[PDB]
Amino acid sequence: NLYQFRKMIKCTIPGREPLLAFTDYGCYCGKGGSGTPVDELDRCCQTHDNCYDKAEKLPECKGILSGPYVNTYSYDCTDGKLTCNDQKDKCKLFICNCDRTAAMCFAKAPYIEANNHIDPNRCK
């Protein structure tokens, strides 16, 4: 779920607060999504977006709490390393990976403050 995704970001990016840093970046990094990603970090959030859609369409995701936002999965954060544990619940595993990939991508991507709190027009 989104609470767990925040936690994963806190694992690959220890001192930063996701709700502040990645909450209004580029075109896709937070609030809605339209236009072309201003950079790699934006692409991580874009990939994160459509990785959630795929999950919402995975014939393997059950009901009501099967969504990427509310579906709790099983994961581990050891020494800044994320590992998905779900095994038989192919849907939870999928959602856990969307978050694991995004959290790692965010860590390895260039954070360019010129691309933070952009102007809408840059996203048409």
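The first residue of the sequence shown is number 1, and the count goes up from there.
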message: Using only C-alpha atoms and the B-factors in the entry, which stretch averages higher, 68 to 76 or 83 to 91?
response: 83 to 91
statement: Averaging the C-alpha temperature factors as deposited, the higher value of 93 to 101 versus 29 to 37 falls on 29 to 37
query: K124: which third of its chain by C-alpha temperature factor?
result: highest
query: How does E113 rank on Cα B-factor within its chain, lowest, middle or highest third?
result: highest
